[PDB]
$ cat input_0.cif   # mmCIF, C-alpha atoms; chains and numbers go by the auth columns
data_data
#
loop_
_atom_site.group_PDB
_atom_site.id
_atom_site.type_symbol
_atom_site.label_atom_id
_atom_site.label_comp_id
_atom_site.label_asym_id
_atom_site.label_seq_id
_atom_site.Cartn_x
_atom_site.Cartn_y
_atom_site.Cartn_z
_atom_site.B_iso_or_equiv
_atom_site.auth_seq_id
_atom_site.auth_asym_id
ATOM 1 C CA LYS A 1 61.789 126.277 58.093 0.00 54 A
ATOM 2 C CA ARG A 2 64.805 128.242 56.922 0.00 55 A
ATOM 3 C CA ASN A 3 67.987 128.187 59.055 0.00 56 A
ATOM 4 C CA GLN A 4 67.486 124.431 59.469 0.00 57 A
ATOM 5 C CA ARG A 5 70.499 122.527 58.185 0.00 58 A
ATOM 6 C CA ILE A 6 71.926 119.006 58.226 0.00 59 A
ATOM 7 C CA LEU A 7 75.652 118.281 58.090 0.00 60 A
ATOM 8 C CA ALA A 8 76.843 114.913 56.804 0.00 61 A
ATOM 9 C CA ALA A 9 80.250 113.243 56.897 0.00 62 A
ATOM 10 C CA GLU A 10 81.271 109.967 55.257 0.00 63 A
ATOM 11 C CA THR A 11 84.412 108.149 56.316 0.00 64 A
ATOM 12 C CA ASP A 12 85.716 105.057 54.555 0.00 65 A
ATOM 13 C CA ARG A 13 83.824 102.775 56.951 0.00 66 A
ATOM 14 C CA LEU A 14 81.079 104.665 58.810 0.00 67 A
ATOM 15 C CA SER A 15 79.017 107.771 58.103 0.00 68 A
ATOM 16 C CA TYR A 16 77.873 110.588 60.371 0.00 69 A
ATOM 17 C CA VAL A 17 74.905 112.962 60.478 0.00 70 A
ATOM 18 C CA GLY A 18 74.049 116.045 62.512 0.00 71 A
ATOM 19 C CA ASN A 19 71.057 118.388 62.531 0.00 72 A
ATOM 20 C CA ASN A 20 70.594 122.075 63.308 0.00 73 A
ATOM 21 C CA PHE A 21 67.124 121.459 64.732 0.00 74 A
ATOM 22 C CA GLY A 22 64.783 118.920 66.290 0.00 75 A
ATOM 23 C CA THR A 23 65.896 116.191 68.660 0.00 76 A
ATOM 24 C CA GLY A 24 69.686 116.095 68.446 0.00 77 A
ATOM 25 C CA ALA A 25 70.361 119.816 68.173 0.00 78 A
ATOM 26 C CA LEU A 26 72.238 121.588 70.935 0.00 79 A
ATOM 27 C CA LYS A 27 70.930 123.946 73.606 0.00 80 A
ATOM 28 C CA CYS A 28 74.082 126.052 73.211 0.00 81 A
ATOM 29 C CA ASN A 29 72.867 127.087 69.767 0.00 82 A
ATOM 30 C CA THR A 30 69.787 128.691 71.328 0.00 83 A
ATOM 31 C CA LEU A 31 70.877 129.851 74.789 0.00 84 A
ATOM 32 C CA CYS A 32 74.130 131.320 73.447 0.00 85 A
ATOM 33 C CA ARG A 33 75.538 132.565 70.163 0.00 86 A
ATOM 34 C CA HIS A 34 78.875 131.371 68.842 0.00 87 A
ATOM 35 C CA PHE A 35 81.392 133.193 66.686 0.00 88 A
ATOM 36 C CA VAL A 36 84.702 132.412 65.000 0.00 89 A
ATOM 37 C CA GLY A 37 87.458 134.955 65.534 0.00 90 A
ATOM 38 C CA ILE A 38 90.124 135.107 62.850 0.00 91 A
ATOM 39 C CA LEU A 39 93.013 137.070 64.348 0.00 92 A
ATOM 40 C CA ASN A 40 95.776 138.564 62.236 0.00 93 A
ATOM 41 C CA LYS A 41 98.757 138.931 64.559 0.00 94 A
ATOM 42 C CA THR A 42 100.258 141.680 62.394 0.00 95 A
ATOM 43 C CA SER A 43 97.294 144.003 61.830 0.00 96 A
ATOM 44 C CA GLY A 44 95.641 143.122 65.152 0.00 97 A
ATOM 45 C CA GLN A 45 92.286 142.564 63.436 0.00 98 A
ATOM 46 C CA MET A 46 89.667 140.187 64.855 0.00 99 A
ATOM 47 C CA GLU A 47 87.486 139.321 61.863 0.00 100 A
ATOM 48 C CA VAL A 48 84.449 137.874 63.624 0.00 101 A
ATOM 49 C CA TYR A 49 82.315 135.480 61.603 0.00 102 A
ATOM 50 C CA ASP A 50 79.141 133.856 62.860 0.00 103 A
ATOM 51 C CA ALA A 51 79.312 130.187 63.807 0.00 104 A
ATOM 52 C CA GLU A 52 77.164 127.067 64.102 0.00 105 A
ATOM 53 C CA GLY B 1 82.711 124.131 49.200 0.00 103 B
ATOM 54 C CA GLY B 2 84.782 121.058 49.989 0.00 104 B
ATOM 55 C CA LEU B 3 84.467 121.738 53.753 0.00 105 B
ATOM 56 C CA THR B 4 87.865 120.491 54.826 0.00 106 B
ATOM 57 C CA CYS B 5 88.904 120.093 58.437 0.00 107 B
ATOM 58 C CA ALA B 6 90.728 123.197 59.647 0.00 108 B
ATOM 59 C CA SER B 7 93.286 123.387 62.434 0.00 109 B
ATOM 60 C CA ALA B 8 92.778 123.459 66.184 0.00 110 B
ATOM 61 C CA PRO B 9 91.850 126.847 67.685 0.00 111 B
ATOM 62 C CA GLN B 10 94.315 128.931 69.669 0.00 112 B
ATOM 63 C CA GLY B 11 92.044 129.933 72.547 0.00 113 B
ATOM 64 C CA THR B 12 88.607 131.089 73.680 0.00 114 B
ATOM 65 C CA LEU B 13 86.942 134.458 74.027 0.00 115 B
ATOM 66 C CA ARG B 14 83.854 134.495 76.222 0.00 116 B
ATOM 67 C CA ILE B 15 81.518 137.491 76.318 0.00 117 B
ATOM 68 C CA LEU B 16 79.169 137.954 79.260 0.00 118 B
ATOM 69 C CA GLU B 17 77.620 140.871 81.108 0.00 119 B
ATOM 70 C CA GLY B 18 79.384 142.240 84.143 0.00 120 B
ATOM 71 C CA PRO B 19 77.471 143.491 87.172 0.00 121 B
ATOM 72 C CA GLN B 20 77.755 147.050 88.420 0.00 122 B
ATOM 73 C CA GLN B 21 79.161 147.431 91.934 0.00 123 B
ATOM 74 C CA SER B 22 79.249 151.202 92.305 0.00 124 B
ATOM 75 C CA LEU B 23 76.200 150.819 94.561 0.00 125 B
ATOM 76 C CA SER B 24 77.265 147.893 96.750 0.00 126 B
ATOM 77 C CA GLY B 25 80.447 148.042 98.760 0.00 127 B
ATOM 78 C CA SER B 26 78.876 151.114 100.381 0.00 128 B
ATOM 79 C CA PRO B 27 78.408 151.389 104.146 0.00 129 B
ATOM 80 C CA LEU B 28 75.565 149.126 105.212 0.00 130 B
ATOM 81 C CA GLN B 29 72.076 150.515 105.777 0.00 131 B
ATOM 82 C CA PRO B 30 70.484 148.431 108.539 0.00 132 B
ATOM 83 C CA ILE B 31 66.993 148.785 109.962 0.00 133 B
ATOM 84 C CA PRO B 32 67.093 151.277 112.872 0.00 134 B
ATOM 85 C CA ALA B 33 66.729 149.820 116.347 0.00 135 B
ATOM 86 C CA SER B 34 63.445 150.410 118.113 0.00 136 B
ATOM 87 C CA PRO B 35 63.908 152.573 121.218 0.00 137 B
ATOM 88 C CA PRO B 36 63.989 150.997 124.667 0.00 138 B
ATOM 89 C CA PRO B 37 60.861 151.722 126.706 0.00 139 B
ATOM 90 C CA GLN B 38 61.172 155.077 128.424 0.00 140 B
ATOM 91 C CA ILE B 39 59.056 156.209 131.367 0.00 141 B
ATOM 92 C CA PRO B 40 56.301 158.633 130.341 0.00 142 B
ATOM 93 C CA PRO B 41 56.616 162.212 131.569 0.00 143 B
ATOM 94 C CA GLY B 42 53.990 163.627 133.853 0.00 144 B
ATOM 95 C CA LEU B 43 53.493 160.593 136.083 0.00 145 B
ATOM 96 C CA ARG B 44 52.145 161.729 139.442 0.00 146 B
ATOM 97 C CA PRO B 45 50.754 160.015 142.532 0.00 147 B
ATOM 98 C CA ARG B 46 47.054 159.882 141.763 0.00 148 B
ATOM 99 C CA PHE B 47 46.088 157.613 144.660 0.00 149 B
ATOM 100 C CA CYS B 48 46.095 159.198 148.093 0.00 150 B
ATOM 101 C CA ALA B 49 45.443 156.992 151.101 0.00 151 B
ATOM 102 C CA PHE B 50 42.011 157.166 152.690 0.00 152 B
ATOM 103 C CA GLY B 51 41.598 159.246 155.783 0.00 153 B
#
$ encode --input "input_0.cif" --output "structure tokens"
Amino acid sequence: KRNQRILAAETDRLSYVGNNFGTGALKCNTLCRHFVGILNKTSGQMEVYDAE
Amino acid sequence: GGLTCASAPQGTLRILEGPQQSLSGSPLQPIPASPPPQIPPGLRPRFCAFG
């Protein structure tokens, strides 16, 4: 029951919802693992953070 | 924790396992052909005509 999250977004006219689980979650969260690479072009460092 | 929209990403890294091909690319190893039928050694005329 941990690592189950819900993201919400409200515009000025319609609101949006997305789960991390259940019906509506993605199969690419389970069959793969995503990361975010922050690349400094000077130091050549790829700071890799985990992603959802 | 405002969670603003960041910019578009530059590109895409994609990590996946590569296969090893030091084995294949070798000369093929087929199944050896069965020999053609050869006459047995030591075949003699056993039947001699009567009288």
$ closest_atom_pairs --input "input_0.cif" --of "chain B" --to "chain A" --cutoff "12 Å" --atoms "only C-alpha atoms" --output "tab-separated table"
residue	atom	partner	partner_atom	distance
B:104	CA	A:62	CA	11.4
B:105	CA	A:62	CA	10.0
B:106	CA	A:62	CA	10.7
B:107	CA	A:62	CA	11.1
B:111	CA	A:89	CA	9.4
B:112	CA	A:92	CA	9.8
B:113	CA	A:90	CA	9.8
B:114	CA	A:90	CA	9.1
B:115	CA	A:90	CA	8.5
B:116	CA	A:87	CA	9.4
B:117	CA	A:86	CA	9.9
B:118	CA	A:85	CA	10.2
$ write_last_selection --input "input_0.cif" --atoms "C-alpha atoms" --output "PDB file, keeping the file's coordinate frame"
ATOM      1  CA  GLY B 104      84.782 121.058  49.989  1.00  0.00           C
ATOM      2  CA  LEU B 105      84.467 121.738  53.753  1.00  0.00           C
ATOM      3  CA  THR B 106      87.865 120.491  54.826  1.00  0.00           C
ATOM      4  CA  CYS B 107      88.904 120.093  58.437  1.00  0.00           C
ATOM      5  CA  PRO B 111      91.850 126.847  67.685  1.00  0.00           C
ATOM      6  CA  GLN B 112      94.315 128.931  69.669  1.00  0.00           C
ATOM      7  CA  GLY B 113      92.044 129.933  72.547  1.00  0.00           C
ATOM      8  CA  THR B 114      88.607 131.089  73.680  1.00  0.00           C
ATOM      9  CA  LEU B 115      86.942 134.458  74.027  1.00  0.00           C
ATOM     10  CA  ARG B 116      83.854 134.495  76.222  1.00  0.00           C
ATOM     11  CA  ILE B 117      81.518 137.491  76.318  1.00  0.00           C
ATOM     12  CA  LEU B 118      79.169 137.954  79.260  1.00  0.00           C
TER      13      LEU B 118
END
$ atom_distance --input "input_0.cif" --atom1 "CA of residue 56 in chain A" --atom2 "CA of residue 74 in chain A"
8.8 Å
$ closest_residue --input "input_0.cif" --among "A:57, A:103, A:85, A:98" --to "residue 73 in chain A" --atoms "all atoms listed in the file"
A:57
$ atom_distance --input "input_0.cif" --atom1 "CA of residue 121 in chain B" --atom2 "CA of residue 82 in chain A"
24.4 Å
$ atom_distance --input "input_0.cif" --atom1 "CA of residue 75 in chain A" --atom2 "CA of residue 109 in chain B"
29.1 Å
$ build_atoms --input "input_0.cif" --residues "range 54-66 of chain A" --atoms "N, CA, C and O atoms" --output "compact mmCIF listing (two decimals), in the frame of the given file"
# COMPACT_ATOMS: atom_id res chain seq x y z
N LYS A 54 61.22 127.39 58.83
CA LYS A 54 61.79 126.28 58.09
C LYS A 54 63.10 126.62 57.40
O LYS A 54 63.81 125.71 56.97
N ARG A 55 63.43 127.90 57.26
CA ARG A 55 64.81 128.24 56.92
C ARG A 55 65.65 128.22 58.19
O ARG A 55 65.13 128.09 59.30
N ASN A 56 66.97 128.35 58.00
CA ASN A 56 67.99 128.19 59.06
C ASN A 56 67.86 126.84 59.76
O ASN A 56 68.09 126.72 60.96
N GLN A 57 67.48 125.81 59.00
CA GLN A 57 67.49 124.43 59.47
C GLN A 57 68.37 123.64 58.53
O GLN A 57 68.03 123.47 57.35
N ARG A 58 69.50 123.16 59.03
CA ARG A 58 70.50 122.53 58.18
C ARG A 58 70.85 121.15 58.72
O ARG A 58 70.55 120.81 59.87
N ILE A 59 71.43 120.33 57.85
CA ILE A 59 71.93 119.01 58.23
C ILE A 59 73.33 118.86 57.66
O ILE A 59 73.52 119.02 56.45
N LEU A 60 74.29 118.56 58.52
CA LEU A 60 75.65 118.28 58.09
C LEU A 60 75.88 116.78 58.04
O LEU A 60 75.45 116.05 58.94
N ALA A 61 76.54 116.32 56.99
CA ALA A 61 76.84 114.91 56.80
C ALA A 61 78.34 114.73 56.63
O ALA A 61 79.03 115.61 56.10
N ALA A 62 78.85 113.59 57.08
CA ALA A 62 80.25 113.24 56.90
C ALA A 62 80.36 111.75 56.66
O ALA A 62 79.83 110.96 57.44
N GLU A 63 81.06 111.37 55.60
CA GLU A 63 81.27 109.97 55.26
C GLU A 63 82.75 109.65 55.40
O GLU A 63 83.59 110.26 54.73
N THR A 64 83.07 108.69 56.26
CA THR A 64 84.41 108.15 56.32
C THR A 64 84.50 106.99 55.33
O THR A 64 83.60 106.75 54.53
N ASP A 65 85.59 106.23 55.40
CA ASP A 65 85.72 105.06 54.56
C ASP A 65 84.94 103.87 55.10
O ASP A 65 84.74 102.90 54.37
N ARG A 66 84.50 103.92 56.36
CA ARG A 66 83.82 102.78 56.95
C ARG A 66 82.54 103.10 57.70
O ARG A 66 81.74 102.19 57.91
